[PDB]
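# Examination of the molecular architecture
The residues making up each chain are set out below.
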Amino acid sequence: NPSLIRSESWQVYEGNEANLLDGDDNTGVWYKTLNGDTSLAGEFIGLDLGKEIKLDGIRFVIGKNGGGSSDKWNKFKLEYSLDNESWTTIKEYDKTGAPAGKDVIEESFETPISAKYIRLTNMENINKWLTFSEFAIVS
Ligand SMILES: CC(=O)N[C@H]1[C@H](O[C@H]2[C@@H](O)[C@H](O)[C@@H](CO)O[C@H]2O)O[C@H](CO)[C@@H](O)[C@@H]1O
Ligand SMILES: [Ca+2]
C-alpha cells in the first residue's frame, strides 16, 4: 500500500503518523512546526505510491477535532510526481478563515492521472503547527 511522506522538519506533538492511514477520520496527528512555529510555503504531506499507478481520485482529510483543530494551511496545492523531484499542480486551494476542524479534500479525476507520488503542499507561510487525519487514493 501507499506509504506516508511529509516535510522532514515536522515533529509529532500528539497522535501518531499511522493514524493518517488507518481509514478513520476521527484519528489524526498534530505536528509541531519549526521556524518559529511556522509552516513555510513548500512544506508538504502525501503518499509515495510505490510504482507509477494511474489514479482516479484522492481523499485527504486535513485538520482534526479538539487540539490543533484550527492548525491548518490557508493556501495549499494538490500536486503529483513521477520522480519526487518535479511536480505538477492539479489544483490550488485557498481556505483562509474557514472554520476550524476536519476538512475532507476529495477529488475525482475525470481523466485518470499517472503518478508515483501525490501530496498536498503549502503555498503560503502560516504561523501555525499542523493537524491532519487521513490520506487515501482511489484507483
Ligand atoms: C499546544 C499549542 O498550544 N500549540 C500551539 C503553539 O504553541 C506553542 C507556543 O507558541 C505557545 O506559546 C505555547 C503555549 O503553551 O505552546 C507551544 O507549544 O503555537 C502555535 C503557533 O501559534 C499554534 O499553531 C499551536 O497550535
Ligand atoms: Ca485517521
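Residues numbered from 1 in each chain as written, not as in the entry; some residues may be left out. Chains lettered and ligands numbered in written order. Heavy atoms only, no water.

Regarding how it was determined, this PDB entry cites X-ray crystallography in its header, along with a resolution of 2.03 Å.

### Focus: the side chain of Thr 121
Along the polypeptide, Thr 121 turns up in strand 7 (residues 103-122). Of note is the side chain of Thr 121, whose polar atom sits 3.4 Å from the side chain of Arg 119. In contact with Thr 121, other than residues within four places in its own chain, are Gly 42, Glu 43, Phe 44, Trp 73, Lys 75, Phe 76, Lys 77 and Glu 79. (Helix = DSSP H or I, 4+ residues; strand = E, 2+ residues; numbered from the N terminus. Polar contact = N/O pair within 3.5 Å; in protein donor to acceptor, adjacent residues only side chain to side chain. Contact = heavy atoms within 4.5 Å.)

### Notes on the site of ligand 1
Around ligand 1 sit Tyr 13, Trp 30, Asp 37, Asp 71, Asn 127, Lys 128 and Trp 129, and those are all the residues in its vicinity. Within the contact set of ligand 1, an oxygen atom lies 2.6 Å away from a side-chain nitrogen or oxygen of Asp 71. The contact in question runs from an oxygen atom of ligand 1 to an N or O atom on the backbone of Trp 129, over 2.9 Å. In isolation ligand 1 offers 520 Å² of accessible surface; the protein chains occlude 46% of this area. (Near = heavy atom within 4 Å. Areas by Shrake-Rupley, 256 points an atom, 1.4 Å probe, with all protein chains shown as cover.)

### With respect to the environment of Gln 11
Take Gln 11: it is sitting in strand 2 (residues 11-15). For the pair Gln 11 and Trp 129, spaced 118 residues apart in the sequence, the C-alpha separation amounts to 9.6 Å.

### Brief notes about the nonpolar core
Within the largest apolar cluster, 26 residues are counted, with the highest numbers of intra-cluster contacts made by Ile 45, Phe 60, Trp 73, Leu 78, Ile 118 and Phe 132. Residue contacts for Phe 60: discarding those within four places in its chain leaves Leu 47, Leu 78, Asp 103, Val 104, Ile 105, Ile 118, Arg 119, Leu 120, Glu 134, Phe 135 and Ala 136. (Core = buried A, V, L, I, M, F, W, Y, C linked by side-chain atoms within 4.5 Å. Buried < 20%, exposed > 50% of the residue type's maximum accessible area, 1.4 Å probe, protein only.)

### Concerning empty space enclosed by the protein
Empty space among the atoms becomes visible once a probe the size of a water molecule is rolled across them. Applying the stated rule across the entire model yields one cavity of 30 Å³ or more. Estimated volume of the largest cavity: approximately 30 Å³. (1 Å grid on protein atoms, 1.4 Å probe; cavity = no way out; pocket = protein on both sides within 12 Å on 5 of 7 lines; lining within 4 Å. Points joined across faces, edges and corners; volume = space filled by probe spheres on them.)

### What to know about the coordination of the calcium ion (ligand 2)
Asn 19 (O), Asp 22 (OD), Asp 24 (O), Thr 27 (O), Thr 27 (OG1), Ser 133 (O) and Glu 134 (OE) make up the full set of protein donors to the calcium ion (ligand 2), lying at 2.2 to 2.6 Å. Look at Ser 133 and you get buried, because its relative accessible area is 1%. (Donors = N, O, S within 2.8 Å, 3.2 Å for Na, K, Ca; no water.)

### Here's the deal with the pattern of salt bridges
A complete count under the given rule lists eight salt bridges for this structure. The shortest N-O distance in the salt bridge between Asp 48 and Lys 116 comes to 3.9 Å. On the criterion of sequence distance, the pair formed by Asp 48 in strand 4 (residues 44-62) and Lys 116 in strand 7 is long-range, its members being 68 residues apart. (Salt bridge = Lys/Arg side-chain N within 4 Å of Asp/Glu carboxyl O.)

### Points about the environment of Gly 63
Summarising the element assignment, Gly 63 is placed in the loop between strand 4 and strand 5 (75-81). Overall, the relative accessible area of 0% leaves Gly 63 in the buried class. Spatially, the C-alpha atoms of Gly 63 and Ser 81 are 24 Å apart, while their sequence positions differ by 18 residues. Residues within four places of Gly 63 in sequence aside, it is in contact with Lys 72, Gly 101, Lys 102, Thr 131, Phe 132 and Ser 133.

### Looking at the pairing of strand 8 (residues 130-138)
Across three bridges, the pairing between strand 3 (residues 29-32) and strand 8 is antiparallel. Bridge pairing links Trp 30 to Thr 131 in strand 8. Note: strand 4 against strand 8, six bridges, orientation antiparallel. Bridge pairing in strand 8 places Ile 62 opposite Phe 132. (Pairing = 2+ DSSP bridges.)

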